[PDB]
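A.B. asks: to kick things off, part of the complex as it is:
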Amino acid sequence: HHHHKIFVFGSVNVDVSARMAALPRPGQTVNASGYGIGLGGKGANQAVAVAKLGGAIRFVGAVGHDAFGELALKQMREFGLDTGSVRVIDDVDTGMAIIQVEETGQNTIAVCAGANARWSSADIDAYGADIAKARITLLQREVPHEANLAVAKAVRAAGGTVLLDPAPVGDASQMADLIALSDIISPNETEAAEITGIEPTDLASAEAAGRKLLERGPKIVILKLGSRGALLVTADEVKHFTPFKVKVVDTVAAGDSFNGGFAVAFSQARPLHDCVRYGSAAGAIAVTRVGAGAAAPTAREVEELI
């Protein structure tokens, strides 16, 4: 066995996805050609991504005591994720999202916090042992802010590393004090646009956007630029990482794969450059497929691409 070097705290959802010819207009009933139900949520997705890439992973999230919660746990373990630290809350509904997708790819999403919204800064104290010994710690913005803050404080207290995915941006000022406690931050084009006000329209403006993030507490900024690669910005360097050429199929939650892959290399003490490249390759393989379950990138697939 292996000590848990990566700690992920974040949301657990059951995603109900439907494919249809046309999205329903207000007041309209339409037909869909099919649907699926699978594990979802920024927390569980990133934790799974770390697991499929070989990381020693400890995921902490909450499901309800209901049929969707039993489904979320059953999937995560089918995905090699130990659910020992996943809270089961009786008298709350499991978080869950409604995803409607039409032929052209346009979609509408609606998310119910469910068991994710029950986290308090006090509930985090129970995991301070696991957090304090974790080499890197992944957060998102799909759980209550006081709970994310409590994790970030604990990490600073132990002198660890907080990787923050600032997604969804939400209240930008409310996350200003979360970013201050983060050690690494990985915004995409939109998120960096709201946090700094600078739209990363090209590589010169994206470097200016990253240098503004250096002023807010993070020491490493990794601007996820989608099809145009990634930009690593620090006080001491700026390096563009060329995107990997792949057949694009479904680009949803590629960033979630990116953070996971980065966190696995980081937990392995690989040099920072190798960490960014491992994340960018994990994201590249994540677009070549549909979904982030069994189709999530593995170490074998990623390293062959590299």
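C.D. replies: Thanks, I have the structure now. Residues are numbered from 1 along each chain as shown, chains lettered A, B, ... in the order given.
A.B. asks: sec struct for residue A:99, please.
C.D. replies: The three-state label given to residue A:99 by DSSP: H, G, I helix; E, B strand; the rest coil is strand.
A.B. asks: what sits against the closest residue to it other than its chain neighbours?
C.D. replies: Excluding the flanking residues, the one nearest residue A:99 by CB to CB, 6 or more residues apart in numbering is residue A:17, at 4.2 Å. All C-beta atoms are positioned from the backbone trio N, CA, C, and that covers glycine. Counting by CB atoms under 8 Å, 6 or more residues apart in numbering, residue A:17 makes contact with A:35, A:36, A:37, A:38, A:99, A:101.
A.B. asks: what bridges to residue A:17?
C.D. replies: In this entry, residue A:17 is beta-bridged to residue A:36, residue A:99, by DSSP bridges.
A.B. asks: next one: it from residue A:291, what distance?
C.D. replies: For residue A:17, the distance to residue A:291 (CB to CB, to the nearest Å) stands at 9 Å.
A.B. asks: in which helix or strand would I find residue A:233?
C.D. replies: Following DSSP states H and E, one finds residue A:233 within strand A:230-234.
A.B. asks: repeat for residue A:282
C.D. replies: Secondary structure from DSSP H and E places residue A:282 in helix A:272-287.
A.B. asks: quick revisit: buried ones among the contacts of residue A:17?
C.D. replies: Buried subset of the contacts of residue A:17 (neighbour count, 16 or more other CB atoms under 10 Å): A:38, A:99, A:101.
A.B. asks: other SSEs contacting the strand holding residue A:233?
C.D. replies: Contact analysis of strand A:230-234 by 3 or more CB pairs under 8 Å, 6 or more residues apart in numbering; DSSP states H and E lists helix A:203-214, strand A:220-224, strand A:237-241, helix A:272-287 as its packing neighbours.
A.B. asks: and the angle for it with strand A:237-241?
C.D. replies: On the basis of axes from the mean of the first three to the mean of the last three CA atoms, to 10 degrees, strand A:230-234 is oriented at 170 degrees to strand A:237-241.
A.B. asks: as CSV, could you dump the C-alpha coordinates of strand A:230-234?
C.D. replies: Coordinates of each C-alpha in strand A:230-234 appear next as CSV, following Å, rounded to 0.1, in the frame of the first residue of the first chain:
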residue,chain,number,x,y,z
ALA,A,230,-1.3,26.1,-21.2
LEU,A,231,0.7,29.0,-19.9
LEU,A,232,3.0,28.6,-16.8
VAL,A,233,3.6,31.9,-15.1
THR,A,234,5.6,32.5,-11.9
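A.B. asks: append chain B to the structure above:
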Amino acid sequence: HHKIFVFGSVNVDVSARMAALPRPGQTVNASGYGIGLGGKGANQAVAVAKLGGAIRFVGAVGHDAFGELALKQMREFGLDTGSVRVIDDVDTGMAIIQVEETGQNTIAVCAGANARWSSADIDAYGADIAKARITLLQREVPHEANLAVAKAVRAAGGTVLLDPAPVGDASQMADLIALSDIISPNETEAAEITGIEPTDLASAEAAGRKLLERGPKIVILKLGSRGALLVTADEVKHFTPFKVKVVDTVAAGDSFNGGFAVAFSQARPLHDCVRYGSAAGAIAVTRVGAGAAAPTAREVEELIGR
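C.D. replies: Time to bring in chain B:
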């Protein structure tokens, strides 16, 4: 082998309340959701069961969790589920309902196992159709299977109650209506089938007389807030609505049809049958959903005495 026979769809309704529906490309935060039994066939069969009618229900669900939930809730409402097909390798039909604060909704329905029905399959139920004093049909299952049920009833000298919802292809249902002894369209369905919008009792009668030409001998125009209108070759009677507190009018027609079906199997006069459905619909609007809040015989008789 029961005096009332319902053949139709079984859905699972994933309803999601939220402040505003998502515009295309948008993510929204919903305030909560529920999962429950739906479908026009399962609604109407449950409405008969809760009103004390002896009913045999025929429908299909997948061998998945949503199938298990539909079967279990059917039993909870008094419906015997022994004639419900459980088809492997096919998802239970499901509907994604998004409900706004203002009230505007948005539905997306996946046929699911409901689409697996064939005219061949109906031969396995010829026994139950023979003993049926009335047979309820809707438009949420393959047309050839609806037609096969209709032929069995007509050969057996029974009675067919056709809810023409959704209208779909009105020309395709021309033959199903031809074999339908009783047809119960609401305002919209009457206007689409005949081209006459029932804006008043004069016009509603005219739409009903246009339907008499197509095979039915009894037409029951459901007018929502204005009650119903019985039209036949011999009489026109307008049934006033019962004064009730309106809360959620969805599927008020489904409870009206089960109310009529039960009173019909009880050999009650035709007028009494329509009144029973008119009361059962009235109770259906006073509560939310059909489910375990579906009208009971106790409640209906109370409303007629009032």
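A.B. asks: now with chain B: the contacts of residue A:17?
C.D. replies: A:35, A:36, A:37, A:38, A:99, A:101 (CB atoms under 8 Å, 6 or more residues apart in numbering or on different chains).
A.B. asks: the fourth one touches residue A:13, doesn't it?
C.D. replies: The reference is to residue A:38. No: counting by CB atoms under 8 Å, no contact exists between residue A:38 and residue A:13, whose distance comes to 9.8 Å.
A.B. asks: may I see the buried residues of stretch A:148-159?
C.D. replies: Using 16 or more other CB atoms under 10 Å in any protein chain shown as the test for burial, stretch A:148-159 gives A:148, A:149, A:150, A:151, A:152, A:153, A:154, A:155.
A.B. asks: among those residues, name the ones in helices.
C.D. replies: Taking DSSP state H as the definition of helices, those contribute A:148, A:149, A:150, A:151, A:152, A:153, A:154, A:155.
A.B. asks: distance to residue B:95 added to those, as a markdown table?
C.D. replies: As requested, these are arranged in a markdown table below (distance: CB to CB, whole Å):
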| residue | distance to residue B:95 |
| --- | --- |
| A:148 | 35 |
| A:149 | 39 |
| A:150 | 40 |
| A:151 | 38 |
| A:152 | 41 |
| A:153 | 44 |
| A:154 | 44 |
| A:155 | 44 |
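A.B. asks: and which of these is nearest to chain B?
C.D. replies: Relative to chain B, the closest of these is residue A:148; by CB to the nearest CB it sits at 17.0 Å.
A.B. asks: contacts only, for the closest one.
C.D. replies: Applying CB under 8 Å, 6+ apart, the residues contacting residue A:148 are A:9, A:139, A:141, A:178.
A.B. asks: apply 7 Å and report the result again.
C.D. replies: Neighbouring residues of residue A:148 by CB atoms under 7 Å, 6 or more residues apart in numbering or on different chains: A:139, A:178.
A.B. asks: how about the residues of the stretch 51-200 of chain A near chain B?
C.D. replies: Within reach of chain B by CB under 7 Å from any CB of the partner chain, the stretch 51-200 of chain A has these residues: A:67, A:71, A:93, A:96, A:98, A:100, A:106, A:108, A:109, A:110, A:111, A:112.
A.B. asks: give me the nearest residue to the fourth one, chain neighbours excluded.
C.D. replies: Yep, that's residue A:96 we're talking about. If you skip the residues right next to it in sequence, residue A:96 has residue A:14 as its closest partner in space, 4.5 Å away by CB to CB, 6 or more residues apart in numbering or on different chains.
A.B. asks: okay, now chain C:
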Amino acid sequence: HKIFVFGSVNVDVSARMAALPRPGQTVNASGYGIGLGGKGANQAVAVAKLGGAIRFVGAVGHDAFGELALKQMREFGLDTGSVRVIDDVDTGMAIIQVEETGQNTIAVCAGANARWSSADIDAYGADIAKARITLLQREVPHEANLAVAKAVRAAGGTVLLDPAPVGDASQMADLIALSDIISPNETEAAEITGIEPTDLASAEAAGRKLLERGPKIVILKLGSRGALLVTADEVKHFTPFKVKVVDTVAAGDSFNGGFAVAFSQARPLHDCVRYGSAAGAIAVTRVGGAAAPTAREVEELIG
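C.D. replies: Okay, here's chain C dropped in alongside the others:
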């Protein structure tokens, strides 16, 4: 008026000869006759001569054959006041040539019978509504028959359909769906249901098939073997009356008129099938019909 008949009017040019002529040949005919024809006028006359209160609705051309058809109708007791005379069209007409052995060749011109439209039927909305039973055949445009059937349905009447000639089976599946009573014979039931009624066991099977298509009452005309009544609730075999057989053409058209008359008089259903069965048997004993069975004759046969 309690019986409404909407159908074809023909003039039947019938010729008898020892052998039918081959292409390009000229033969001599031992004789010929000319009489009223067409499934519509035959049934309408059979009802008239049996004492029914009937309104016949047919079309004839404004030519000599039109005046021959109207004249012969009036002498059989049928009021022709509702028979349209159409200018610039020929009356319906059928040449029949008969060989000594019986092999016959027929050529039919639709004439005025093809001029009926579904809009033309609105002029008879009041008649159709007041009728207790309405007799229809397949010798007029399908759109016109459907208009009549829709009128009866709206009014709650009864539609007696003789599916003759069978013609396009698919086109008339929807005329059957609006029919209350259907009266196919052996050959017609075979084509419609795909079941040959070669005996009473298979005849019931075919009749049950027809019950799946809209009619509630099926009366299989079985020729020399009587008729079979098939409904959701009963099956009865109506044995034929023993009679000397002379010419069996259009015996079914007197059976349908006999049923119509008894039905219009509110007699029990079995009594209506027997009354039609007697009228058919009386028809076979004579040629053509100028001697269409009468109520007096039919009642004598039942006793």
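A.B. asks: re-run the earlier check on the contacts of residue A:17 with chain C in the model.
C.D. replies: Under the criterion of CB under 7 Å, 6+ apart, the contact partners of residue A:17 comprise A:35, A:36, A:99, A:101.
A.B. asks: can you tell me which of these lies closest to chain B?
C.D. replies: Closest approach to chain B among these (CB to the nearest CB): residue A:35, at 4.9 Å.
A.B. asks: if I look at the closest one, how far off is chain C?
C.D. replies: Going from residue A:35 to chain C by CB to the nearest CB, to the nearest Å gives 37 Å.
A.B. asks: that residue and residue B:110 touch, don't they?
C.D. replies: Yes: look at residue A:35 against residue B:110 with CB atoms under 7 Å: they come within range, at 4.9 Å.
A.B. asks: list residues touching both of those two?
C.D. replies: With CB under 7 Å, 6+ apart as the test, residue A:35 and residue B:110 both reach A:18, B:91, B:94.
A.B. asks: the last one - how many residues pack around it?
C.D. replies: When neighbours are defined as other CB atoms under 10 Å in any protein chain shown, residue B:94 has 27 of them.
A.B. asks: quick revisit: which residues sit against the strand holding residue A:233?
C.D. replies: Taking CB under 7 Å, 6+ apart as the rule, strand A:230-234 contacts A:203, A:206-207, A:210-211, A:219-225, A:238-241, A:276, A:280.
A.B. asks: can you give me the helices for the stretch 1-150 of chain A?
C.D. replies: A:42-52, A:67-78, A:128-132, A:145-158 (DSSP state H, counting those that start in this stretch).
A.B. asks: adding distance to residue A:249, write those out as a markdown table.
C.D. replies: Written out in a markdown table, the entries for the helices of the stretch 1-150 of chain A read as follows (distance: least, CB to CB, whole Å):
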| stretch | distance to residue A:249 |
| --- | --- |
| helix A:42-52 | 17 |
| helix A:67-78 | 21 |
| helix A:128-132 | 36 |
| helix A:145-158 | 32 |
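A.B. asks: could I get those as a markdown table with distance to chain C?
C.D. replies: Shown next, in a markdown table, are these (distance: least, CB to the nearest CB, whole Å):
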| stretch | distance to chain C |
| --- | --- |
| helix A:42-52 | 55 |
| helix A:67-78 | 43 |
| helix A:128-132 | 70 |
| helix A:145-158 | 66 |
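A.B. asks: buried deepest among the ones you listed, which one?
C.D. replies: Burial among these, expressed as mean neighbours by mean count of other CB atoms under 10 Å in any protein chain shown, is greatest for helix A:42-52, which shows a mean of 29.
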